[PDB]
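The analysis underlying the following values was restricted to heavy atoms, covering all of them including side chains, and did not include hydrogens, waters or symmetry mates. Here is the naming used below: chain letters follow the sequence lines, and residue numbers restart at 1 for every chain.
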There are 2 protein chains.
Amino acid sequence: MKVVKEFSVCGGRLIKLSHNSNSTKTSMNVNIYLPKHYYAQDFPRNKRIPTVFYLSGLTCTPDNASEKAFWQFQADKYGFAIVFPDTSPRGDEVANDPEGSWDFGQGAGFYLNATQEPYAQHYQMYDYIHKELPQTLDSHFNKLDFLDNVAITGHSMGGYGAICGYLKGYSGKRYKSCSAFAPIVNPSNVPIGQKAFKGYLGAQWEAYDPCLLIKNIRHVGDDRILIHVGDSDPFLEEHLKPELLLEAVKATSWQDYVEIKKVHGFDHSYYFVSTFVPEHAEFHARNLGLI
Amino acid sequence: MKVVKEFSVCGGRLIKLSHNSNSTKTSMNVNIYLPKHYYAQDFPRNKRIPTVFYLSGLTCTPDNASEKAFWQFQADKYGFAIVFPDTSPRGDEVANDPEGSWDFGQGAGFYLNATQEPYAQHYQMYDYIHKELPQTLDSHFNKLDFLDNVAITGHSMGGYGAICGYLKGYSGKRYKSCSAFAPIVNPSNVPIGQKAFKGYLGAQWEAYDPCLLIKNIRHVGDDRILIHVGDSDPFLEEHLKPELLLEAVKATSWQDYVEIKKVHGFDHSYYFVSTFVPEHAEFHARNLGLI
């Protein structure tokens with residue numbers, strides 16, 4: 001893992017890293033913010049700094065959310081690290097949308113393990129995020145926990161990947177906390193999701209659809225999914241349709257445990273995301289035992 | 001004044017405006033964030049929401065600082081509005097750097113009233129910021145004060161314009177508060193400043209140089225200039241040289257009232273700026289009588 005660039009921000013440091021990925025077979029870019037706690041003189045030996053993984057939306061790189069969501073202030077506030085993965089494999093060797101669009105191909109992996117050629121070669125974003133990356137960060141830094149006491153969140157395509165990873169890992173307690181911002185919640189039933197699934201996967205889709213996954217996953221204790229979405233989000237009725245997760249949990253053990261806050265006047269933008277980052281941070285902090 | 005685009009952010013609203021400018025003779029773009037106080041049901045008739053004007057650096061538009069500094073949270077915290085002007089006149093009719101560079105011409109007005117053709121035609125950024133814009137916002141919105149109880153701040157070229165406006169307006173109490181982030185402080189003695197001055201102005205420079213202005217301006221009461229600058233700022237030794245303002249006030253009524261916080265490890269970037277926005281906000285809030 002190479003340090004490409006470091007920025008002091010708040011009391012910690014935002015680090016731009018790269019590494020040769022075994023899942024993607026390409027160089028991958030990742031950012032991590034390390035909180036003030038990591039640089040502090042007295043950090044207790046019987047504590048670990050837990051990690052939040054923030055998954056970005058379509059066309060994004062790690063830098064968009066790093067610059068525009070202000071997680072760094074929350075990170076110092078509660079004592080967690082936050083990791084910002086990229087959104088697809090990238091490179092001259094990596095397949096693109098044959099239609100030359102932005103909703104598929106590069107910047108648009110949909111957090112899936114692709115089975116269809118030519119994408120299967122590089123598009124192993126599910127193993128990348130849940131299997132390789134935490135271990136890679138662990139080998140490089142190890143104060144920090146990338147593997148155990150970990151939260152997952154993200155925006156749009158990323159809230160989708162977040163919810164999806166949380167649910168598929170739920171019996172193993174893979175993630176201790178799950179939130180999302182304007183997620184795509186039922187990919188199988190929405191145009192954007194169907195193109196990603198047809199393209200990357202070619203019945204294989206069910207394993208990647210939160211609305212189908214959640215129904216037979218036995219809810220435990222007080223666990224819940226925090227969602228925010230703006231009612232002025234221009235993608236809301238065609239792509240996101242959050243109401244669909246609500247409907248999916250009716251008469252199900254998850255029924256009272258998916259909280260969608262639909263927030264009047266708000267967008268899809270990082271103006272929206274930055275506004276709800278404080279609440280999501282405190283939600284993740286409590287689930288991580290920081291407060 | 002036209003509303004081009006509105007975004008809910010925090011409890012207020014970020015508004016992208018445009019207007020036909022009489023100072024520049026061109027369309028100008030401006031952003032303003034209005035705090036939660038402005039939309040609130042009970043806002044007292046014997047109060048006005050005071051305004052912070054944030055001046056941006058070279059190549060910037062209003063949107064950079066709007067997206068990347070998170071003033072909006074401070075604005076709701078203390079009860080001020082924040083205005084983000086543009087950095088030059090813009091348009092197909094507006095003169096550029098004959099050298100095709102970014103440090104002069106468009107995005108690079110240096111908050112000056114240009115006297116030299118072809119720039120004089122549009123480059124009236126000093127009257128634009130201090131004379132036209134506050135009155136224009138006043139006519140459009142009038143809860144709000146754009147004219148009287150007003151603070152000025154900004155980054156690099158903008159901290160320069162901020163300091164410069166504050167000092168030239170100081171006997172008239174034009175601005176009630178002045179801070180800056182990584183300002184250029186002695187334009188007459190630094191390469192970037194000399195090119196702007198030679199280009200826009202052609203003795204005419206003194207009137208626009210904070211290090212020359214401050215020495216005979218009689219300091220009153222407890223007033224002070226707040227500056228932050230990072231010691232890893234790559235422009236620090238060639239262009240910014242903050243130490244120069246310090247030297248300028250030695251044996252002067254301003255001597256103990258220019259506070260430069262040189263902050264270890266920090267950049268020129270909005271990672272730096274966003275880190276010190278909370279402190280600057282509380283400093284401006286107190287000078288504005290909000291706290």
Side-chain angles (χ1 to χ4, degrees), chain A residues 1-5 14-32 51 53-67 82-140 146-147 150 152-166 168-169 174-175 183-184 187 192-202 204-205 207-209:
Chain A
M1 183 158 244
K2 310 207 183 60
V3 173
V4 174
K5 219 301 187 31
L14 183 93
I15 307 152
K16 300 192 60 172
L17 300 158
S18 71
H19 69 113
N20 293 342
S21 170
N22 305 136
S23 291
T24 69
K25 307 275 186 45
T26 71
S27 198
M28 290 291 288
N29 294 325
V30 223
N31 299 356
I32 182 172
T51 307
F53 292 80
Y54 180 90
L55 304 193
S56 309
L58 276 169
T59 81
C60 307
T61 85
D63 282 344
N64 304 99
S66 293
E67 289 165 10
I82 190 177
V83 166
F84 301 97
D86 210 352
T87 54
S88 64
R90 318 183 97 125
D92 301 318
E93 78 279 25
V94 168
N96 243 315
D97 186 21
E99 284 163 64
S101 189
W102 53 272
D103 60 0
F104 180 80
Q106 300 184 47
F110 265 87
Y111 305 103
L112 297 188
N113 290 345
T115 55
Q116 305 296 294
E117 264 297 271
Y119 314 99
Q121 187 177 22
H122 302 115
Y123 284 82
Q124 305 307 313
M125 284 303 291
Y126 184 94
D127 291 353
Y128 178 77
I129 262 64
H130 307 294
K131 293 168 187 78
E132 186 183 5
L133 187 56
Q135 292 288 353
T136 301
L137 295 156
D138 185 73
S139 298
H140 182 90
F146 297 98
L147 291 166
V150 296
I152 199 166
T153 183
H155 176 227
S156 180
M157 181 184 70
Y160 161 68
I163 287 168
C164 207
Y166 181 67
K168 296 173 66 52
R174 185 62 191 73
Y175 296 97
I184 304 163
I192 204 152
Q194 285 158 344
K195 163 174 208 206
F197 283 166
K198 288 162 197 175
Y200 295 135
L201 312 177
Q204 229 176 252
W205 301 11
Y208 287 117
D209 196 309

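Evaluated for a side chain to side chain contact (heavy atoms under 4.5 Å, CB included) with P62(A), the options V30(A), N31(A), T87(A), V83(A) yield exactly one hit, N31(A). Of the candidates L55(A), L112(A), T24(A), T24(A) is the only one forming a side chain to side chain contact (heavy atoms under 4.5 Å, CB included) with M125(A). When each of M28(A), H19(A), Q124(A) is tested with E132(A) by the rule side chain to side chain contact (heavy atoms under 4.5 Å, CB included), just one qualifies, namely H19(A).
Minimum interatomic distance between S27(A) and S18(A) (heavy atoms only, all atoms of both residues): OG-CB, 4.1 Å. Between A65(A) and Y54(A), the shortest heavy-atom contact is CB-CE2, 3.4 Å. Pairing each heavy atom of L201(A) with each of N113(A), the nearest pair is CD2-O, 3.7 Å. Minimum interatomic distance between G159(A) and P183(A) (heavy atoms only, all atoms of both residues): C-CB, 3.7 Å. Between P134(A) and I129(A), the shortest heavy-atom distance links the atoms CD-O, 3.3 Å. Nearest heavy atom pair, residue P118(A) against residue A95(A), reads CG-CB, 4.0 Å.
For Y123(A) and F110(A), the distance between ring centers is not under 6.0 angstrom. Taking the six-membered ring for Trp, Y166(A) and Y175(A) have ring centres at least 6.0 Å apart.
Using bins of under 30°, 30° to 60° and over 60° for the plane-to-plane angle, the ring pair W205(A)/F197(A) lands in the tilted bin. By the 30° and 60° cut-offs, the orientation of the rings of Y126(A) relative to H130(A) is tilted.
In this structure, the side chains of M157(A) and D103(A) stay at 4.5 Å or more apart for every pair of heavy atoms. Side-chain contact check for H122(A) versus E93(A): some heavy-atom pair is nearer than 4.5 Å. Between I184(A) and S156(A), some side-chain heavy-atom pair lies under the 4.5 Å cut-off. Contact annotation: the side chain of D86(A) never approaches that of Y128(A) to less than 4.5 Å [non-hydrogen atoms, C-beta and beyond]. Residues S101(A) and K195(A) meet the side-chain proximity criterion, which asks for heavy atoms closer than 4.5 Å. Within the 4.5 Å cutoff, the side chain of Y111(A) has no heavy atoms near those of the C164(A) side chain.
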Inset, instruction - Report the C-alpha separation of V150(A) and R174(A) in whole Å, then their side-chain angles, then the decisive distance to 0.1 Å, and conclude whether the side chain to side chain contact (heavy atoms under 4.5 Å, CB included) test is met. - result: CA-CA 8 Å; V150(A) 296; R174(A) 185 62 191 73; 3.4 Å; yes

Inset, instruction - Could you check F53(A) against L137(A) for side chain to side chain contact (heavy atoms under 4.5 Å, CB included), going step by step and ending with a plain yes or no? - result: CA-CA 12 Å; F53(A) 292 80; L137(A) 295 156; 4.0 Å; yes

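Distance alone, capped at 3.5 Å, is enough to place a donor-acceptor pair between the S88(A) side chain and the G107(A) backbone.
Atom CD of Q116(A) has more than 12 neighbouring heavy atoms from other residues, nucleotides or ligands inside a 6.0 Å radius. Summarising the local packing, NZ of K131(A) is surrounded by more than 12 heavy atoms from other residues, nucleotides or ligands at distances under 6.0 Å.
Geometrically, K168(A) engages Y208(A) in a cation-pi contact, judged by NZ or CZ lying under 6.0 Å from the ring centre and within 45° of the ring axis.
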